[PDB]
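Each chain is listed here by its residues.
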Amino acid sequence: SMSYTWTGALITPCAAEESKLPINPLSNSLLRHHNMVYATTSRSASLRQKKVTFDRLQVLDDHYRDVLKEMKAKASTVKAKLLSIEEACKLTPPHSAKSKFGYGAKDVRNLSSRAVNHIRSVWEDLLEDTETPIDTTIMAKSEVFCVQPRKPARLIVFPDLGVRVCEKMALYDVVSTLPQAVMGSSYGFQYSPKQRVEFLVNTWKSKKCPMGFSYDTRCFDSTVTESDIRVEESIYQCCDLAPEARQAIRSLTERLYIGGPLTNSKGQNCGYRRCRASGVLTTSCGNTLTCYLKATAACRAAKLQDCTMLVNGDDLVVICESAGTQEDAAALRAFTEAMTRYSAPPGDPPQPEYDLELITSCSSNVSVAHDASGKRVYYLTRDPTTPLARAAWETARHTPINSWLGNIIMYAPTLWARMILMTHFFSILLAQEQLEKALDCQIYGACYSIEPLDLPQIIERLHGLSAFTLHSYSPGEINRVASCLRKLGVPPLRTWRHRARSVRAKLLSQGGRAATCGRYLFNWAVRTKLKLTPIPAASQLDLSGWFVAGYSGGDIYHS
């Protein structure tokens, strides 16, 4: 059926939309070519609609059903708990979109009487009404990018804050625990960057002759069918659940997940969704499950040998035993026809790779570097263009989320993150004495509140001490970085080394946590390097729950 249907009304914005990168002194010392940095706005929604709207084709087969039975079997071992209104409220992000019922995020997080009563009533309605479609709002997503040799805004769809709190009560545990129990090592959100790199390399090294490929589904969300969502429910249904939870999941599937009416910010009727909503709690879990089910069966259909998959929602990467150049190519083509039949047509065409570093999954790839001793260290990196563009934008305007902080944490080992992201921002946090001001960043969809001064502990725990001593990067990584900076108008690396020397100096002067930041994060700036030893306060840090599950668009916040 059509993924979408439109009345004709337009996807509208609430407030104004900044699209051009301002001419700010602070951001300008970072990226001079400001006209190459733009932000999507509703003005291009039309273009996205035209692309995400289409008729879905799906033909299931024995392979699909065998894989589904296998997954259900594992699902059976799970026992999910219903969350208390309190627990679910504390998950609501402080800046989560307010409800159209006289209360918002803050009121929710605060167990305010009004908010709570509506939540109670919304929950009761989920238990009594098992059919009535549930309203959702549709917005043009505002994301920053660099021009190309422009991308239209993505569309987000989400129910009222009230329903969102109920989703958490009935599904937070399920989506935080089931993916793992079902997909085992193949579930990607269980791995921290280091861990993922480990899994990729060990896997690659275990194949007699490895062949790997990433597979890009053309607009995954709109490809998810009513059947996929029902099959996804059938899996949640194998869990042990409290009666009201089982009903809440049933009602939520029929009234929200499978589809429903779309309303713009003006309260007008935009159309109807019959595919995945990008802004619900089960979006990450559903997509990882759906994509895993289809890919596994497709691998069988294609006869790929001894496959090892890693799934992160719609992102998919596969490593298997090579059967030969020609064979692999045909096998990949088979795999693709299988996916197309399962309703997961390719975007870019999948290409077989025989060098791990060439494969790109989750927008990242493996690269090598050496530590103090010269030992080789695999780490995860990526073309730094988007990260940099957003760093500049986030520098010129105050934004709800700080991708830079999120990128430092996920790419702490990279050349650009250490030399650029670290220098620049610490430089600015000093000048404005906000090294202690906690900022919100995002990790796998979840919103985290973090103090920059904690970065050293965080980084050590998630990557190890080598993250502060990596050096002698591969030429390809260096060239991509250098090339990038030239393109964006960002000062060359030598200039960053100089700036870092200053930043570090000032940080050390301050002593305390700051002095540590300078000692660990910038040890690469000096030549008479210090001997970096384990940071005490690190392991004392509670990082459990940091790399357990994805929550992209799940309205999750536990910090």
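What counts and how
Note on numbering: every chain is counted from 1 along its sequence as written, possibly out of step with the entry's scheme, and residues lacking coordinates are dropped from view. Side-chain descriptors were evaluated using all non-hydrogen atoms of the structure, hydrogens and water having been removed beforehand. Between N-to-C directions, angles cover 0 to 180 degrees, with each direction set by a line fitted to C-alpha atoms, over the stretch in contact for helices. For helices the rule is a DSSP run of H or I covering at least 4 residues; for strands it is a run of E covering at least 2, with both sets numbered from the N terminus onward. The cut-offs work like this: below 35 degrees is roughly parallel, past 145 is roughly antiparallel, 65 to 115 is roughly perpendicular, and the gaps in between are oblique. Crossing chirality is assigned from the near helix's rotation relative to the far helix, an anticlockwise turn below a right angle marking it left-handed and a clockwise turn marking it right-handed. The contact definition used throughout considers only heavy atoms, calling two residues in contact when any of these lie within 4.5 Å. We define a salt bridge as a contact between a side-chain nitrogen of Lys or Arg and a carboxyl oxygen of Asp or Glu at a distance within 4 Å. Only protein chains enter the calculation, and the probe is 1.4 Å; a residue is then buried if its accessible area is under 20% of its type maximum, exposed if over 50%, and partly exposed in between. Any two strands between which DSSP finds at least two bridges are classified as paired. Grid points spaced at 1 Å over the protein atoms alone were grouped into cavities, where a 1.4 Å probe fits but cannot get out, and pockets, open sets with protein on both sides within 12 Å along at least five of seven lines, with lining residues defined by an atom within 4 Å of a point. Grid points are joined across faces, edges and corners, and a volume is the space filled by probe spheres set on the points. Classification convention: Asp, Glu, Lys, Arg as charged; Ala, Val, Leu, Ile, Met, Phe, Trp, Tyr, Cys, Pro as nonpolar; all other residues, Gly among them, as polar. Annotation comment: domain bounds sourced from an automatic or database domain assignment. Stacked, tilted and edge-to-face are the three classes assigned to paired rings of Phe, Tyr and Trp, where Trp is represented by its six-membered ring and a pair needs centres within 6.5 Å; plane angles under 30 degrees give stacked, over 60 edge-to-face, the rest tilted. Note on criteria: charge over ring means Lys NZ or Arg CZ within 6 Å of the ring centre, with the direction from the centre no more than 35 degrees off the ring normal.

For this deposition, the record names X-ray crystallography as the technique by which the model was determined and cites 2.700 Å as its resolution.

**Student:** Before we move on, could you go through the packing of helix α3 (residues 62–75) against helix α7 (residues 161–183) and cite the residues and values that matter?
**Tutor:** One can describe the packing of α3 onto α7 by two numbers: an axis separation of 8 Å at closest approach and a directional angle of 125°. It follows from the interaxial angle that α3 and α7 lie oblique. The handedness of the crossing between α3 and α7 is right-handed. For the pair formed by α3 and α7, the contact residues are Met71, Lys74 and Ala75 on the first element and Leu178, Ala181 and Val182 on the second.

**Student:** Tell me about the pattern of salt bridges, and please be specific about residues and values.
**Tutor:** For the structure shown, the criterion picks out 19 salt bridges. Two residues, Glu18 and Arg397, come together in a salt bridge whose shortest N-O distance is 2.8 Å. By relative accessible area, which is 38% here, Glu18 ends up partly exposed. The residue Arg480 makes a salt bridge to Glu477 at a minimum N-O spacing of 3.1 Å. Of this pair, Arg480 and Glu477 both sit in helix α18 (residues 475–488), separated by three residues, roughly a single helical turn. A relative accessible area of 27% means that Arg480 is categorised as partly exposed. With relative accessibility at 4%, the residue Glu477 sits in the buried group.

**Student:** Just give me the short version of the sheet that holds strand β9 (residues 305–312), but keep the residues and values in it.
**Tutor:** In spatial order, the strands read β6-β10-β9; together these three strands make up an open sheet with antiparallel pairing. The outermost strands of the open sheet, each flanked by one partner alone, are β6 (210–215) and β9. Ignoring which end each strand starts from, the neighbouring axes of this sheet average 15° apart. In this sheet, strand β10 (residues 315–321) lies alongside β6 in antiparallel orientation, the contact comprising six bridges. Looking at β10, one finds that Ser214 is bridged to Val317. With respect to the sheet, helix α8 (residues 193–206) is in contact with β6, β9 and β10, its orientation differing from that of β9 by roughly 170°.

**Student:** Could you give me a rundown of the layout of surface pockets, with the residues and numbers involved?
**Tutor:** Volume-wise, the second largest pocket comes out at about 560 Å³. Taken together, 27 residues make up the lining of the second largest pocket; nearest its centre are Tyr448, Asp542, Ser544, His558 and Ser559. Going through the elements one at a time, α7 and β14 (446–450) are the ones with two or more residues in the lining of the second largest pocket. A per-class count over the lining of the second largest pocket returns 12 nonpolar, seven polar and eight charged. Counting contributing residues per domain, the lining of the second largest pocket is built from domain 1 (1–361) and domain 2 (362–559), each supplying no fewer than three.

**Student:** Break down the packing of α3 against helix α10 (residues 226–236) for me, citing the residues and quoting the values.
**Tutor:** The interhelical angle for the contact between α3 and α10, taken along N-to-C directions, is 35°, at an axis separation of 9 Å. Of the residues in α10, those touching α3 at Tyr64, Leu68, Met71, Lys72 and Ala75 are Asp228, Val231, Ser234 and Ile235. Of the residues contributing to the contact of α3 with α10, the split by class is six nonpolar, one polar and two charged.

**Student:** Break down the packing of aromatic side chains for me, with residues and values.
**Tutor:** Tallied over the entire structure, the rule returns 18 aromatic pairs. Here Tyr4 and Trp6 contribute two aromatic rings whose centre-to-centre distance is 5.2 Å and whose plane-to-plane angle is 15°, an arrangement assigned as stacked. Relative accessible area serves as the criterion here: at 9%, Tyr4 is assigned to the buried category. On the basis of relative accessibility, which here comes to 25%, the residue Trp6 falls in the partly exposed class. Put simply, the rings of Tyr187, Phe189, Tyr444, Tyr448, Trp546 and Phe547 touch in pairs and so form one group of aromatic residues. Seen from the ring of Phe145, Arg390 lies directly overhead, with NZ or CZ sitting 5.0 Å from the centre.

**Student:** Residue-level account of the sheet that holds strand β3 (residues 136–140), with values.
**Tutor:** Read across the sheet, five strands follow the order β1-β8-β7-β3-β5 without closing on themselves; strand pairing throughout is mixed. The two strands at the open ends of the sheet, each matched to only one other strand, are β1 (4–6) and β5 (155–158). Averaged over all neighbouring strand pairs, the angle between strand axes comes to 30°, with direction disregarded. With three bridges joining them, β1 and strand β8 (residues 269–273) adopt antiparallel strand pairing. Following the sheet pairing, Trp6 is matched in β8 by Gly271. Here helix α2 (residues 45–52) sits on the sheet in contact with β1 and β5, set at roughly 80° to β5.

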